[PDB]
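Visitor: Letter by letter, the sequence shown follows residues 10 to 177 of the working numbering.
Virtual Cβ for every residue (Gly too), placed ideally from N, Cα, C.
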Amino acid sequence: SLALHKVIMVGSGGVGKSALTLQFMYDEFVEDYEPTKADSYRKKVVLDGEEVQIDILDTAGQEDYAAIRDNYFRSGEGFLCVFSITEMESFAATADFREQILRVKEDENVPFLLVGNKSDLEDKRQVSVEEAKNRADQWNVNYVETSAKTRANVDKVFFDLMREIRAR
Ligand SMILES: Nc1nc2c(ncn2[C@@H]2O[C@H](COP(=O)(O)OP(=O)(O)O)[C@@H](O)[C@H]2O)c(=O)[nH]1
Ligand SMILES: [Mg+2]
Numbered sequence: 010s011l012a013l014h015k016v017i018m019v020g021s022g023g024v025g026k027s028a029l030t031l032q033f034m035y036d037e038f039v040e041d042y043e044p045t046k047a048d049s050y051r052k053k054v055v056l057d058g059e060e061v062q063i064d065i066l067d068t069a070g071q072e073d074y075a076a077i078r079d080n081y082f083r084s085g086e087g088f089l090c091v092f093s094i095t096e097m098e099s100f101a102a103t104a105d106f107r108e109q110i111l112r113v114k115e116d117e118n119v120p121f122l123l124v125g126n127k128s129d130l131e132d133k134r135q136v137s138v139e140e141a142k143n144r145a146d147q148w149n150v151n152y153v154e155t156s157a158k159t160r161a162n163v164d165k166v167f168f169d170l171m172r173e174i175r176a177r
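#1: According to DSSP, is residue 28 part of a helix, a strand, or is it coil?
#2: Residue 42: beta carbon under 8 Å from a heavy atom of ligand 2?
#3: Check whether the segment 46–55 and the segment 65–80 are in contact - that is, three or more C-beta pairs closer than 8 Å.
#4: Is the CB-CB distance between residue 127 and residue 157 below 9 Å?
#5: The alpha helix (DSSP H) that contains residue 15, what's its start and end?
#6: Relative to the C-alpha of residue 80, which residue among 121, 27, 114 and 31 is closest?
#7: Kindly give me the distance between the Cβ atoms of residue 32 and residue 95, rounded to whole angstroms, as I take these residues to be in contact under 8 Å.
#8: Considering residue 50, what are the terminal residues of the alpha helix (DSSP H) in which it resides?
#9: Can you tell which of 173, 16, 121 and 164 has its C-alpha closest to the C-alpha of residue 146?
#10: Is residue 155 near ligand 1, in the sense that its beta carbon is under 8 Å from a heavy atom of that ligand?
#11: Relative to ligand 2, is the shortest distance from any of its heavy atoms to the C-beta of residue 158 smaller than 8 Å?
#12: Which stretch, first to last residue, makes up the beta strand (DSSP E) that contains residue 122?
#13: What span of residues does the beta strand (DSSP E) with residue 67 cover, start to end?
#14: For a test of the three-state rule: what should DSSP assign to residue 157, helix, strand or coil?
#15: According to DSSP, is residue 137 helix, strand or coil?
#16: Compute every distance between the C-beta of residue 73 and the non-hydrogen atoms of ligand 2, then say whether any falls below 8 Å.
#17: Would you kindly report the start and end of the unbroken alpha helix (DSSP H) that includes residue 111?
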């Protein structure tokens, strides 16, 4: 039987959670994907020679019922905490999600990657690579910049996260 890995996408609105999920899943950039939809996706992928299945839960703010949210988080094995390099407030918001995840999983070593998305909009960058890295260092997690549009580092973030999961 193939090993199953559960990944959870978290972050504020419009940072690219759905766009990253769909690029990785179906290899296509889907613009204006319905913002209030939360859904799960699964498929087989090859990680370092081994065939495994990845399950991705794409969350949305609309679903704010505590019991439901906490259940989704407790079921996740790794998290991609996404923000938009073009929105300073989304970067600041990452602290909020980090707090909720730590509250529910009580594990400061839980597989977690800080993801700065929309790297293709460099000319609108409001968050420098320096400040993002400093924060990542403080939480002892790695930082990766992606673009759901050009697909830069998209496979890398999911793959790197699965590797951390594989080691815990
Ligand atoms: N240029 C650019 N736009 C992006 C990127 N990722 C998402 N977007 C756009 O940002 C908007 C919000 O994306 P969405 O995936 O719905 O964000 P979510 O609310 O986090 O699920 C959509 O209009 C996307 O087409 C990216 O990497 N580059
Ligand atoms: Mg979405």
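Guide: So, from the data block:
#1: In the sequence shown, residue 28 corresponds to position 19, counting from 1. Helix at residue 28.
#2: For the purposes of this step, residue 42 is taken as residue 33 along the sequence shown, with counting starting at 1. Judged by the Cβ position, residue 42 qualifies as a neighbour of ligand 2 at the 8 Å threshold, a heavy atom of the ligand being closer than this.
#3: yes
#4: Here residue 127 corresponds to residue number 118 of the sequence shown, with the count starting at 1. Here residue 157 corresponds to residue number 148 of the sequence shown, with the count starting at 1. Yes; because the gap between Cβ atoms is below 9 Å, this pair is in contact.
#5: Residue mapping note: residue 15 aligns to position 6 of the sequence shown, counting from 1. Taken as a continuous stretch (DSSP letters only), residue 15 belongs to no alpha helix (DSSP H), being part of the beta strand (DSSP E) at 13–19.
#6: Against the sequence shown, residue 80 aligns to sequence position 71. Answer by Cα proximity: 114.
#7: As a first step, residue 32 is located in the sequence shown; it is residue number 23 there, counting from the start. As a first step, residue 95 is located in the sequence shown; it is residue number 86 there, counting from the start. Contact flag wrong, Cβ pair sits at about 18 Å.
#8: Taking the first residue of the sequence shown as position 1, residue 50 is located at position 41. Note, residue 50: premise wrong, no alpha helix (DSSP H); beta strand (DSSP E) at 48–56.
#9: By one-based count along the sequence shown, residue 146 stands at place 137. For the residues 173, 16, 121 and 164, the minimum Cα distance to residue 146 belongs to 121.
#10: Position 146 of the sequence shown, counted from the start, is the residue given in the question as residue 155. True, at least one ligand heavy atom lies under 8 Å from that Cβ.
#11: One-based indexing of the sequence shown puts residue 158 at position 149. No, the Cβ of residue 158 stays beyond 8 Å of every heavy atom of ligand 2.
#12: As a working mapping, residue 122 is identified with position 113 in the sequence shown. It spans 121–126 - the beta strand (DSSP E) in which residue 122 sits, taken as one unbroken run.
#13: Locating residue 67 in the sequence shown gives position 58, where the first residue counts as 1. Residue range 59–67 is occupied by the beta strand (DSSP E) that includes residue 67.
#14: In the sequence shown, the residue the question calls residue 157 occupies position 148. It is coil, neither helix nor strand.
#15: Taking the first residue of the sequence shown as position 1, residue 137 is located at position 128. Residue 137 falls in the coil class under three-state DSSP.
#16: As a working mapping, residue 73 is identified with position 64 in the sequence shown. Not under cutoff, so the answer is no.
#17: Position 102 of the sequence shown, counting from 1, holds the residue named residue 111. Looking at the DSSP string, the run of the alpha helix (DSSP H) that includes residue 111 is 97–114.
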